[PDB]
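Trainee: Numbering (the UniProt record's numbering), first residue to last: 13 to 255, 262 to 315, 326 to 837.
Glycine included, C-beta positions come from ideal geometry on N, C-alpha and C.
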Ligand SMILES: O=[N+](O)c1ccc(-c2n[nH]c([C@@H]3O[C@H](CO)[C@@H](O)[C@H](O)[C@H]3O)n2)cc1
Ligand SMILES: O=c1[nH]cnc2c1ncn2[C@@H]1O[C@@H](COP(=O)(O)O)[C@@H](O)[C@H]1O
Ligand SMILES: *Cc1c(COP(=O)(O)O)cnc(C)c1O
């Protein structure tokens, strides 16, 4: 039907149908008479997978022969989502599969909905890793993603009586057709033990062994026949483990628990032993693989053939593990090993919130990884010797820069370790990289300014435009061709259509279709009833105080109170949608979810409001839900306190899909406004500098309560039980926090936020001008392609040249 989905040739369609029937019979062992939609999904997935295999084998063969520099992207999280559609898009098979399935009496869109998300991440960091893999393959880089195959990914969220409940995400129950187990490349990982010093150096002995078994998943590039590998490790006990008899076998679970479950803490550090085991497990297995591959061609050439990118500090143990292998096993002298390590490793920082920074207690490392602790101390002593030589007499600087933090509990600061041991350190948006140089890593920047870089984040336009919004992709392709899908800067050509009446109409029509489609999804799967002519005002992201879902709540109540005061005055109708998961132990985030649903309970059932205001909590926000709601959005809420959101990437997804943004000058919002023009963005609130000025005189929330009557009314409603008649004190923790210990200054941006929201509503009343502003946003979104981000990493950090060249088919 639509051009960007590729050709449906008679030969191809016939062959797909034949292979579908072959897999249904031989692979699934079903006849058509008892096959369910799920069986049909698997038969299609196996059919599409067969097309990846030849390309995967020959890509990996090509790397063995050409021996390019290899890029290893180490992450504890890869938030992949569904694979079927993405694979079809990247291999140009979507229309052919659509036709093949149609001729078999099946609806492919229905089959796609059966696939589970691969939910092996918490949110933005994990999803960035996934976008990056897609871009590295599309740019022809010899890149490998390395992580952990969690049996249970991010929990499924249920809402019961307005409260979040967690359920295990048993994503592997029905099998995963995309992975290939490679039990033949299983490797040992060591824990505990002790260090012996011989005349031949240190030996780490009496260790407990856990096996790391790899599972490989293909990562197809966009129409270039490149298929790279994501290798995920699973924990297995050795067969002599604990070897009365029955109990010894049952106790294998203690080893296998390492890969059982993803820690569900977005932007927060929990210093648990199991998490440290996960971190070392991924590092130790991965580094053995890296070294094996390097030896199958003298370590002076190691950094010319290997780059290791550390996705935050979570894999920071790679630095002392690489030193361990080089010094203890390969017998390099320390200085040579350190040179190799620093030239090989690079570190990306993703947060400045102090509670998110990894600081491991020394006693944990001492017990679990005694050789690594010795190596860390040695790194620290040598590093501080350089500091003292550069800044003689500056004793306070020595204390601030130490890898070892003093206190009642001594800790290792993993970010300091990463900076010391990496040739490049980057933040993830311009304002964030500047904050790193001015504040938390200022001392390090002064010692080694050359290390510090910026790499502004991006998103893949394959998943986040072509896949999730084919209607928009198509109307763009009609005007400017298909080349923009792998060169997103070409969207700039759309600025020459901003006064074209037909284009304006088509852009608005696509949005309307997406809104209708989403409104129907809501009715069918969640029995809820929304007005699709209303402005769709959407805030979807993990629940956190810094992201200020609470500021949104205050605006919603303000609108409700204004309607109740003047019910017969016209207001632009809104559907306010808020969704996101709270970490299970984060009490305040769970209370925020409850507040949102409680506001909905009052607003949605007030007959005076009518369909002018609806408040919906979107349950179980995840990648597959993002693909549905983002194309349907009119207004994107990006309202973190200035200085707290390192980048954001949801922001970019909404820009690409024809929503306007209301936001603070935080993270990548700054660069988005710069690209589109500030006049095409709804900017409000304190800048970073304003937050600092407030912190210096002291934030007093009472001042705002005293001066703003509308705000006082809301706080009185919350306090007195207006939104919780059965439990009048239910929200007292929220009120107490806002009034007395709000680190994120919600009240300080309230007035400017409400005023800015009034300007949004005013513009929405003029659909032609709303749509013209949308075109100006979509047209300038090109910078936010992860292809751009990855080309910068490749050239400025890894030392490799990207390529758009096709491999042979
Ligand atoms: O222990 N843990 O399970 C985690 C700890 C920290 C994070 C994290 N830091 N920054 C981001 C996000 O990274 C994203 C990608 O750079 C940014 O866009 C966003 O601003 C930032 O908040 N996540 C995740 C998990
Ligand atoms: O000794 C060899 N002979 C031929 N091909 C090899 C050899 N070793 C590795 N390869 C190729 O590279 C491999 C890719 O897997 P890797 O060993 O995980 O990098 C195989 O799939 C082969 O295509
Ligand atoms: C993009 C995305 C995120 C990140 O959104 P932010 O608004 O940048 O925090 C989180 N979760 C999911 C499922 C995503 O697709």
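Out of curiosity, what's the CA-to-CA distance linking residue 593 and residue 282?
Mentor: Cα atoms of residue 593 and residue 282: separation of roughly 42 angstroms, rounded to the nearest angstrom.
Trainee: Hey, would you say residue 123 sits closer than 8 angstroms to residue 49, going by beta carbons?
Mentor: yes
Trainee: When the Cα of residue 239 is compared with those of 313, 208, 157 and 149, which residue comes out closest?
Mentor: 149
Trainee: Do residue 99 and residue 60 have their C-beta atoms within less than 8 angstroms of each other?
Mentor: Result yes, Cβ atoms of residue 99 and residue 60 sit closer than 8 angstroms.
Trainee: Relative to the alpha-carbon of residue 442, which residue among 806, 212, 339 and 461 has its alpha-carbon at the smallest distance?
Mentor: 339
Trainee: Using only alpha-carbon positions, find the residue among 562, 779 and 674 that is nearest to residue 795.
Mentor: 562
Trainee: Excluding five sequence neighbours on each side, which residues of the same chain lie with their C-beta closer than 7 angstroms to the C-beta of residue 677?
Mentor: 136, 139, 140, 485 and 487
Trainee: One question on the structure: do residue 609 and residue 169 come within less than 8 angstroms of each other, judged by their Cβ atoms?
Mentor: yes
Trainee: For residue 341, which residues of its own chain have a beta-carbon under 7 angstroms away from its beta-carbon, when the five flanking residues on both sides are left out?
Mentor: 386, 442, 443 and 446
Trainee: Would you say residue 762 and residue 623 are within 8 angstroms of each other, going by their C-beta atoms?
Mentor: yes
Trainee: Tell me which residues share the same chain as residue 793 and place their Cβ nearer than 8 angstroms to its Cβ, disregarding the 5 neighbours each side in the sequence.
Mentor: 600
Trainee: Run through DSSP, which three-state label would residue 373 get?
Mentor: DSSP places residue 373 in strand when its eight states are reduced to three.
Trainee: For ligand 1, any of its heavy atoms closer than 7 angstroms to the Cβ of residue 675?
Mentor: For ligand 1, at least one heavy atom lies less than 7 angstroms from the Cβ of residue 675.
Trainee: Rounded to whole angstroms, how far is the Cβ of residue 355 from the Cβ of residue 346, which I believe are closer than 8 angstroms?
Mentor: The beta carbons of residue 355 and residue 346 sit about 15 angstroms from each other, so the pair does not count as a contact at 8 angstroms.
Trainee: Could you check whether the segment 693 to 712 touches the segment 455 to 463, counting it as contact only if at least three pairs of C-beta atoms, one from each stretch, sit closer than 8 angstroms?
Mentor: Contact holds: three or more Cβ-Cβ distances are below 8 angstroms.
Trainee: Quick check on residue 212: does DSSP put it in helix, strand or coil?
Mentor: coil
Trainee: Count the other C-beta atoms from every protein chain shown that fall within 10 angstroms of the C-beta of residue 768, then say buried if there are 16 or more, exposed otherwise.
Mentor: exposed
Trainee: Can you grab the Cα-Cα spacing for the pair residue 743 / residue 570, in whole Å?
Mentor: About 24 angstroms.
Trainee: Counting only runs that start and end within the segment 749 to 814, where is the beta strand (DSSP E) found for 3 or more residues in a row?
Mentor: none
Trainee: Based on DSSP bridge pairs, tell me the residues matched to residue 605.
Mentor: Paired residue(s): 566 and 644.
Trainee: Are residue 644 and residue 556 touching if we call contact CB-CB under 8 angstroms?
Mentor: In this structure, residue 644 lies near residue 556, with their beta-carbon atoms less than 8 angstroms apart.
Trainee: Can you have a look at residue 638 and say buried or exposed, based on whether 16 or more other CB atoms are within 10 angstroms of its CB?
Mentor: Flag for residue 638 reads exposed.
Trainee: Quick one: give me the first and last residue of the beta strand (DSSP E) that residue 203 is part of.
Mentor: 199 to 203
Trainee: Under 7 angstroms from any heavy atom of ligand 1, does the C-beta of residue 340 make it?
Mentor: yes
Trainee: Would residue 145 pass as a contact of residue 828 if the rule is Cβ separation under 8 angstroms?
Mentor: no
Trainee: Is the beta carbon of residue 245 closer than 8 angstroms to that of residue 161?
Mentor: yes
Trainee: Taking C-beta to C-beta, are residue 806 and residue 522 nearer than 8 angstroms?
Mentor: yes
Trainee: Any heavy atom of ligand 1 within a distance shorter than 7 angstroms of the CB on residue 812?
Mentor: no
Trainee: CB-CB under 7 angstroms to residue 416, same chain, minus the five flanking residues each way: which ones, in chain order?
Mentor: For residue 416, where only same-chain residues beyond five positions count, the Cβ hits under 7 angstroms are 426.
Trainee: What's the gap between the Cα of residue 194 and the Cα of residue 181?
Mentor: 24 angstroms
Trainee: Going by Cα to Cα distance, which pick from 405, 118, 66 and 269 is closest to residue 348?
Mentor: 405
Trainee: Could you check the C-alpha separation between residue 420 and residue 351 for me, to the nearest Å?
Mentor: 28 angstroms
Trainee: By the three-class DSSP mapping on this structure, what secondary structure does residue 495 have?
Mentor: helix
Trainee: Kindly indicate the opening and closing residues of the beta strand (DSSP E) around residue 83.
Mentor: It spans 82 to 86 - the beta strand (DSSP E) in which residue 83 sits, taken as one unbroken run.
Trainee: Any idea what DSSP makes of residue 528, helix, strand or coil?
Mentor: coil
Trainee: Under 8 angstroms between the Cβ atoms of residue 604 and residue 565?
Mentor: yes
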